[PDB]
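Encoded as structure tokens, the following chain is the form deposited in one PDB entry, with no partner shown.
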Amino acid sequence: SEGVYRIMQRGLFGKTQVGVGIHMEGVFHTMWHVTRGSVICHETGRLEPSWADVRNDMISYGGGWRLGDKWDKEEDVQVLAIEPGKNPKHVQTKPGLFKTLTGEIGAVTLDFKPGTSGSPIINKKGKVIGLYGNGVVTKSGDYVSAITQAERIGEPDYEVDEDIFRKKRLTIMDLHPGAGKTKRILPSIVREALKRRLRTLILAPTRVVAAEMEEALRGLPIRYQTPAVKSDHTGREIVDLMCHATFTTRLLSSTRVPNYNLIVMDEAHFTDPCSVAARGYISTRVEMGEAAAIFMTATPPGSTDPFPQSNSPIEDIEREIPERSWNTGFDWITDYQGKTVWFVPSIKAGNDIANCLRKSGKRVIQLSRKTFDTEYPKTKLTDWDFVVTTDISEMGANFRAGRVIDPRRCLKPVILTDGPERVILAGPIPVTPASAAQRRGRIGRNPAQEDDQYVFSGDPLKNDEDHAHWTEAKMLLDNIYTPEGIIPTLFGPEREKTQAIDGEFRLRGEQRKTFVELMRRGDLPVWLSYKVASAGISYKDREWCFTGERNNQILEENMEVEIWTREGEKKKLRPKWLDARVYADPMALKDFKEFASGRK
């Protein structure tokens, strides 16, 4: 509700007035120095900061600045002073316009006590034209207390939804996280969907993101869909929420294609083959006119700006960043007094940096594609200084940090096509500008005393047309059947990455069945599972993991890996087709071992 509000602080109580703020329309406007970023609560709902002018001393809660009224030189204003422990009083004066060093500002020569800082300044019209900007005491001397406010904004903020529901229409939402968000926009469109009685699907990249949607949509009739279920259908006003990989593995497994006519994919830039595949299908369903869909992303496929916009200002520092352990030179890493996010190209690389900064006495959390859904909640819960992470953190991973150290690198999987066909982990090579923009994205979403900093190294590379994922999604995609007998294609811009012809990867009969199984139960990469299945090898049959050249022998910690089979024999792990991803990290390999023995 609109008006004037006192700002009380306690814990342990405590209870003293720090300043005054103004709620107008639906947004709260007070001084920066009063809250300094701290959250607020009242009779209904908490308040999150989104806009703040650091030096200019003013902050906005629940969207950008809203106060649209200006003072004019030589006039008459009214400071509605809300003294701490005292009743509101209007104070009128003739406000002087004095010289600063930037230019010229208007102010009032009035003195009120600390904890009044942020009282409204009212014009003859009645609309608030500024805030009581302490201070005070400017040279020279006495006062003066500045008439402090920003320029009209614009946009910022705040709704309402365009009719993006009309079938055969696809929308990209260049959502800015920090303004709100899956907090404000997603329930808003979901609500509107139910009113239009549309078969709705929400697609969230990780599980823990979907879990964050679940609560952001508490009350709403929404059912999470376990991937261990081929299809679920209740036949009532219900919104399915699932992981991207759930959607595609369902489209693969079950023949019961539910005819959603609305599909909202959050973080639609995920280049995981499952996600690419999903985007492929959903796109074709839009084309059918059988569906309309929304793709939420800060960096839509195609986008190449490594420095997009943010709701909070980011400093972009370019430096040298270590790849192994360090000693001297790189003190700025350690010297920093705040929470940091660090992107490493691989899990192995991760372990160095951690071990190295662990010596400095820094509480570091490690993140990888597997450990993520088990390690990310710890970044909220426990106290820490450094989260080292792989590029998994590009998918809606929200951290409360101030710095991202991003050596701008990664490993990309590649299929070499000379003699034997195999997948290797190329690099570390430079990331995509999109992926850079995304890593940087983690930072600079909360207004902060110091602007958040993106500390990077090197220029990204656009071309990833040899990435396995694209051709891996093609084989994923064109093994999903449709009731209209149409072959699904890669989604628009993403098409130009695959040089393959449409459908060529199609697997007939119950080879197709194996290909699904290998991915779903045996838990193998798409390329691998494809080559094994299309060889007519049954899912139980494992004796292919032992027929390779000298070259194909898998290694673990510099030693030949030798496994104990189901029928019981020690055999050197030597796949026919070599896919690097199965041994790229211990847990992957550990898991592949279990498969190869027959215990899966």
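Between two forms, the rigid core is defined as the largest C-alpha subset superposing within 1.5 Å. Sequential numbering from 1, following the sequence displayed.
Beyond what is shown, the protein has a form deposited in another entry; the following relates to that form.
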Checklist outcome for this item: Across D383, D335, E155, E215, the single C-alpha shifting 2 angstroms or more between this form and the one not shown with the core held fixed is at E155
Checklist entry - Hey, the CA atoms of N311 and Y158 end up closer or farther in the other entry than in the shown form, with the change being 3 Å or more? => result farther
Checklist outcome for this item: One pair moves by 3 angstroms or more in the other entry: the C-alpha atoms of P156 and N311, which are farther
